[PDB]
Each structure stands twice: as structure tokens, then as C-alpha cells.
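File shown here: entry.pdb, holding PDB, C-alpha atoms.
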```
MODEL        1
ATOM      1  CA  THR K   1       0.000   0.000   0.000
ATOM      2  CA  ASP K   2       1.089   3.556  -0.785
ATOM      3  CA  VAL K   3       0.656   5.300   2.580
ATOM      4  CA  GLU K   4       1.737   8.631   1.107
ATOM      5  CA  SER K   5      -0.769   8.410  -1.751
ATOM      6  CA  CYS K   6      -3.552   7.346   0.621
ATOM      7  CA  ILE K   7      -2.849  10.358   2.833
ATOM      8  CA  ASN K   8      -3.104  12.778  -0.085
ATOM      9  CA  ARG K   9      -6.203  11.099  -1.522
ATOM     10  CA  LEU K  10      -8.080  10.876   1.786
ATOM     11  CA  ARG K  11      -7.369  14.545   2.517
ATOM     12  CA  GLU K  12      -8.904  15.489  -0.828
ATOM     13  CA  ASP K  13     -11.888  13.272  -0.015
ATOM     14  CA  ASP K  14     -11.231  10.969  -2.982
ATOM     15  CA  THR K  15     -14.560   9.470  -4.067
ATOM     16  CA  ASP K  16     -12.967   6.190  -5.196
ATOM     17  CA  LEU K  17     -10.686   5.354  -2.265
ATOM     18  CA  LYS K  18     -12.970   3.059  -0.250
ATOM     19  CA  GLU K  19     -10.410   0.736   1.313
ATOM     20  CA  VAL K  20      -7.122   1.541   3.014
ATOM     21  CA  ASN K  21      -5.218  -1.474   4.290
ATOM     22  CA  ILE K  22      -1.821  -1.048   5.941
ATOM     23  CA  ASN K  23      -1.847  -4.373   7.771
ATOM     24  CA  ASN K  24       1.634  -5.585   8.751
ATOM     25  CA  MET K  25       3.297  -2.285   7.817
ATOM     26  CA  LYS K  26       5.425  -1.757  10.937
ATOM     27  CA  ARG K  27       8.015   0.188   8.923
ATOM     28  CA  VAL K  28       5.814   3.261   8.511
ATOM     29  CA  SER K  29       6.854   6.072  10.833
ATOM     30  CA  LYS K  30       4.297   6.737  13.551
ATOM     31  CA  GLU K  31       3.944  10.341  12.418
ATOM     32  CA  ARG K  32       2.832   9.037   9.021
ATOM     33  CA  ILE K  33       0.342   6.648  10.607
ATOM     34  CA  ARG K  34      -0.958   9.568  12.661
ATOM     35  CA  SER K  35      -1.227  11.693   9.515
ATOM     36  CA  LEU K  36      -3.004   8.849   7.699
ATOM     37  CA  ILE K  37      -5.619   8.518  10.446
ATOM     38  CA  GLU K  38      -6.091  12.285  10.485
ATOM     39  CA  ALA K  39      -6.429  12.279   6.696
ATOM     40  CA  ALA K  40      -9.115   9.580   6.837
ATOM     41  CA  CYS K  41     -11.280  12.007   8.833
ATOM     42  CA  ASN K  42     -11.676  14.171   5.728
ATOM     43  CA  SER K  43     -13.076  11.321   3.633
ATOM     44  CA  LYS K  44     -16.812  10.688   3.445
ATOM     45  CA  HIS K  45     -16.148   7.682   1.226
ATOM     46  CA  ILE K  46     -13.733   5.405   3.088
ATOM     47  CA  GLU K  47     -15.464   2.118   3.932
ATOM     48  CA  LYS K  48     -12.655  -0.058   5.259
ATOM     49  CA  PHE K  49      -9.619   0.948   7.296
ATOM     50  CA  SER K  50      -7.265  -1.766   8.516
ATOM     51  CA  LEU K  51      -4.123  -1.251  10.599
ATOM     52  CA  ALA K  52      -3.704  -4.760  11.979
ATOM     53  CA  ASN K  53      -0.245  -5.718  13.196
ATOM     54  CA  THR K  54       1.335  -2.299  12.615
ATOM     55  CA  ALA K  55       2.817  -2.133  16.119
ATOM     56  CA  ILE K  56       0.775   0.967  16.958
ATOM     57  CA  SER K  57       0.048   2.064  20.529
ATOM     58  CA  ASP K  58      -2.454   4.409  22.171
ATOM     59  CA  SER K  59      -0.488   7.482  21.104
ATOM     60  CA  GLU K  60      -0.915   6.678  17.399
ATOM     61  CA  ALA K  61      -4.426   5.219  17.658
ATOM     62  CA  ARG K  62      -5.977   8.045  19.694
ATOM     63  CA  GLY K  63      -6.796   9.857  16.455
ATOM     64  CA  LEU K  64      -9.178   7.031  15.579
ATOM     65  CA  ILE K  65     -11.619   8.548  18.041
ATOM     66  CA  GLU K  66     -12.176  11.572  15.792
ATOM     67  CA  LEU K  67     -12.370   9.354  12.698
ATOM     68  CA  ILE K  68     -14.991   7.041  14.194
ATOM     69  CA  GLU K  69     -17.121   9.858  15.593
ATOM     70  CA  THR K  70     -16.951  11.811  12.327
ATOM     71  CA  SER K  71     -17.225   9.208   9.554
ATOM     72  CA  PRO K  72     -20.625   8.388   8.013
ATOM     73  CA  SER K  73     -19.137   5.741   5.703
ATOM     74  CA  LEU K  74     -16.604   3.697   7.690
ATOM     75  CA  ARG K  75     -17.924   0.132   7.829
ATOM     76  CA  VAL K  76     -14.936  -1.921   8.925
ATOM     77  CA  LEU K  77     -12.182  -0.915  11.340
ATOM     78  CA  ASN K  78      -9.394  -3.363  12.132
ATOM     79  CA  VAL K  79      -6.785  -2.574  14.801
ATOM     80  CA  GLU K  80      -6.035  -6.101  16.009
ATOM     81  CA  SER K  81      -2.633  -7.440  17.102
ATOM     82  CA  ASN K  82      -1.184  -4.124  18.258
ATOM     83  CA  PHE K  83      -0.337  -2.483  21.600
ATOM     84  CA  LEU K  84      -3.637  -0.732  22.308
ATOM     85  CA  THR K  85      -4.877  -0.568  25.901
ATOM     86  CA  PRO K  86      -8.270  -1.855  27.113
ATOM     87  CA  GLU K  87      -9.185   1.701  28.096
ATOM     88  CA  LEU K  88      -8.551   3.093  24.626
ATOM     89  CA  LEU K  89     -10.461   0.217  23.011
ATOM     90  CA  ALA K  90     -13.413   0.992  25.266
ATOM     91  CA  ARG K  91     -13.316   4.615  24.118
ATOM     92  CA  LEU K  92     -13.110   3.566  20.457
ATOM     93  CA  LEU K  93     -16.160   1.295  20.795
ATOM     94  CA  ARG K  94     -18.146   3.915  22.680
ATOM     95  CA  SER K  95     -17.344   6.416  19.917
ATOM     96  CA  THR K  96     -19.024   4.118  17.372
ATOM     97  CA  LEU K  97     -22.343   5.352  18.766
ATOM     98  CA  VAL K  98     -22.091   8.807  17.218
ATOM     99  CA  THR K  99     -22.707   7.816  13.585
ATOM    100  CA  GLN K 100     -22.994   4.039  13.924
ATOM    101  CA  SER K 101     -21.553   3.562  10.430
ATOM    102  CA  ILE K 102     -19.252   0.744  11.560
ATOM    103  CA  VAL K 103     -20.511  -2.851  11.296
ATOM    104  CA  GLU K 104     -17.242  -4.664  11.966
ATOM    105  CA  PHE K 105     -14.796  -3.636  14.706
ATOM    106  CA  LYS K 106     -11.863  -5.998  15.244
ATOM    107  CA  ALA K 107      -9.290  -5.423  17.967
ATOM    108  CA  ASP K 108      -8.400  -8.793  19.473
ATOM    109  CA  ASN K 109      -4.936 -10.055  20.379
ATOM    110  CA  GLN K 110      -3.492  -6.807  21.720
ATOM    111  CA  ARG K 111      -0.304  -7.197  23.767
ATOM    112  CA  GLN K 112      -2.405  -6.426  26.859
ATOM    113  CA  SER K 113      -5.162  -9.014  26.463
ATOM    114  CA  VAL K 114      -6.946  -8.676  29.828
ATOM    115  CA  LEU K 115      -9.607  -5.980  29.516
ATOM    116  CA  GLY K 116     -10.685  -5.966  33.148
ATOM    117  CA  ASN K 117     -14.167  -5.657  34.601
ATOM    118  CA  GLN K 118     -14.705  -1.935  34.109
ATOM    119  CA  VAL K 119     -13.745  -2.065  30.442
ATOM    120  CA  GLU K 120     -15.918  -5.111  29.729
ATOM    121  CA  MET K 121     -18.925  -3.466  31.396
ATOM    122  CA  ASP K 122     -18.312  -0.302  29.362
ATOM    123  CA  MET K 123     -18.047  -2.246  26.092
ATOM    124  CA  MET K 124     -21.070  -4.461  26.655
ATOM    125  CA  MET K 125     -23.304  -1.461  27.289
ATOM    126  CA  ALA K 126     -21.895   0.510  24.347
ATOM    127  CA  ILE K 127     -22.400  -2.439  22.012
ATOM    128  CA  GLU K 128     -25.906  -3.102  23.309
ATOM    129  CA  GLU K 129     -26.826   0.476  22.374
ATOM    130  CA  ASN K 130     -25.220   0.218  18.925
ATOM    131  CA  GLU K 131     -27.706  -0.874  16.233
ATOM    132  CA  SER K 132     -25.220  -1.327  13.354
ATOM    133  CA  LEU K 133     -22.458  -3.563  14.757
ATOM    134  CA  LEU K 134     -22.559  -7.113  13.396
ATOM    135  CA  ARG K 135     -19.063  -8.282  14.337
ATOM    136  CA  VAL K 136     -16.932  -7.301  17.327
ATOM    137  CA  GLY K 137     -13.503  -8.878  17.529
ATOM    138  CA  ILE K 138     -13.009  -8.692  21.286
ATOM    139  CA  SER K 139     -12.646 -11.512  23.791
ATOM    140  CA  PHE K 140     -14.744 -11.053  26.942
ATOM    141  CA  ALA K 141     -14.152 -12.968  30.170
ATOM    142  CA  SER K 142     -17.447 -11.805  31.669
ATOM    143  CA  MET K 143     -20.393 -14.179  31.120
ATOM    144  CA  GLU K 144     -22.821 -11.266  31.210
ATOM    145  CA  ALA K 145     -20.800  -9.267  28.687
ATOM    146  CA  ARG K 146     -20.449 -12.261  26.352
ATOM    147  CA  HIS K 147     -24.205 -12.913  26.527
ATOM    148  CA  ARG K 148     -25.338  -9.303  26.142
ATOM    149  CA  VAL K 149     -22.881  -8.700  23.304
ATOM    150  CA  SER K 150     -23.888 -11.866  21.432
ATOM    151  CA  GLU K 151     -27.578 -10.982  21.827
ATOM    152  CA  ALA K 152     -27.033  -7.432  20.595
ATOM    153  CA  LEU K 153     -25.039  -8.543  17.551
ATOM    154  CA  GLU K 154     -27.672 -11.142  16.665
ATOM    155  CA  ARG K 155     -30.399  -8.526  17.136
ATOM    156  CA  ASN K 156     -28.526  -6.235  14.735
ATOM    157  CA  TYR K 157     -28.035  -9.035  12.212
ATOM    158  CA  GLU K 158     -31.789  -9.696  12.283
ATOM    159  CA  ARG K 159     -32.472  -5.992  11.778
ATOM    160  CA  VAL K 160     -30.386  -6.105   8.586
ATOM    161  CA  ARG K 161     -31.957  -9.368   7.391
ATOM    162  CA  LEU K 162     -35.479  -7.996   7.763
ATOM    163  CA  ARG K 163     -34.568  -4.710   6.091
ATOM    164  CA  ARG K 164     -33.135  -6.704   3.171
ATOM    165  CA  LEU K 165     -36.477  -8.511   2.917
ATOM    166  CA  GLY K 166     -38.379  -5.226   2.874
ATOM    167  CA  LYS K 167     -39.320  -5.738   6.535
TER     168      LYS K 167
ENDMDL
END
```

Whole structure given in C-alpha cells:
Amino acid sequence: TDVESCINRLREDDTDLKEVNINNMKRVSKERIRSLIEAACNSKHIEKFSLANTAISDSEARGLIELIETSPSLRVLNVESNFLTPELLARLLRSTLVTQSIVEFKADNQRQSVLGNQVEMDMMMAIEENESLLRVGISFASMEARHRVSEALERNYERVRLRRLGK
């Protein structure tokens, strides 16, 4: 992937750039990754943004909050296998409620795997309120969270199925 080109295109709100995938690109300077995320905020067309295994941490991923809360088109966000903290992940998921454009949010296998009770309770309630999410790549230890999340995702899947059928 051409990170530099993506940055320029996203900033100009390129109507054709729908997918940006920089998975496994650990070489990219963190300032560039930060600029890429910031650029994505200007696009009302981007549908998929993947930064899996790019060795990013909270400092580089914080900008995703603005992207998620601003984007009306982002459908898939993948930040798995990085160094993001449970607290930041909770904030990212809660931010999905602003526009609810995202249907797939994957963030499993972070270096710090244990989310902790407070984070799981945050996430389960945020997800339960989200009507668009169909897939959430997060491992919960809490029975209640697992159950409420599964139910919410299934509820959302049924909402889509019925809409496809004309209700």
C-alpha cells in the first residue's frame, strides 16, 4: 500500500478510495500513521480501514476517536494485534455510537489481552446500544458481557436481514 498516496487522496476526499489497508506495515513512521488517520477524517467515502499488526500504541491510535465519531461511511475498522490498551479500546467502541456507520470492529490479540471488569462493562453497554455492529472482535471474560454482546449482535443481524427482505 502507498501510505503517502492514501494520505493525499483521503485529505482530498477521494470518491474512489474506499479501502485503506496497511496491515503488517510496521516500517511506517508513527507520524505518518498519525497523519493517515487524520487524513481519513476528511473522507466521506472510506469504507474499510485496517491497521492490523502495525505495532501501533495508544499514542498513534488516539486519532481514531475523531475518525470514528466523524465518519458516516466507515464500515470496517481493524486494529487487532497491536499495543492498544483496554481503556482506549473501550473509548473507540463507545465512539461508534455517534454515527454508527461501523458494522465490523476488530481489535483482538493486543499485547495487553486482559480488559478488566470496568472495560468489559463499558463495552457491553456501548455495544448493546449500537444498532449497526454485526461483528466485534473482542474476547470477553465476563459471562454477562459475552451474553449481552452476542444478543445485541444477533439482534442487529436480524435488523439487517429484515430490512433486506423489505421488513

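For the pair CA of residue 65 (chain K) and CA of residue 15 (chain K), the interatomic distance is 22.3 Å.
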
Spatial neighbours of residue 139 (chain K), max dist 8 Å, all atoms listed in the file, sep filter under 2 positions, as a list in words: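 Final neighbour list, sorted by chain and number: residues 108, 137 and 141 of chain K.
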
Which residue of K:66, K:2, K:87, K:154 approaches residue 34 (chain K) most closely, using only C-alpha atoms: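 Closest to residue 34 (chain K), using only C-alpha atoms: K:66.
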
Pick from K:93, K:136, K:107, K:41 nearest to residue 56 (chain K), counting only C-alpha atoms: K:107

Chain and number of each residue from the PyMOL selection byres ((chain K and resi 146) around 12), as a VMD selection string: chain K and resid 120 to 121 123 to 125 127 to 128 136 to 145 147 to 153

Surrounding residues of residue 10 (chain K) excluding itself and chain neighbours under 2 positions, 7 Å, all atoms listed in the file, as a PyMOL selection string: chain K and resi 6-8+12-14+39-40+42-43

With a distance cut-off of 7 Å and only C-alpha atoms, select the neighbouring residues of residue 55 (chain K), excluding the residue or stretch itself and same-chain residues fewer than 3 positions from it, and output the selection as a short mmCIF file (atom, residue, chain, number, x, y, z; two decimals) with C-alpha atoms, in the frame of the given file.
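Now in selection.cif:
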```cif
data_model
loop_
_atom_site.label_atom_id
_atom_site.label_comp_id
_atom_site.auth_asym_id
_atom_site.auth_seq_id
_atom_site.Cartn_x
_atom_site.Cartn_y
_atom_site.Cartn_z
CA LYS K 26 5.42 -1.76 10.94
CA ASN K 82 -1.18 -4.12 18.26
CA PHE K 83 -0.34 -2.48 21.60
#
```

Chain and number of each residue from the PyMOL selection byres ((chain K and resi 97) around 12), as a PyMOL selection string: chain K and resi 65+68-72+90-96+98-103+123+125-133

Separation of CA of residue 86 (chain K) from CA of residue 11 (chain K), in Å and rounded to one decimal: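 Taking CA of residue 86 (chain K) as the start and CA of residue 11 (chain K) as the end point, the length is 29.6 Å.
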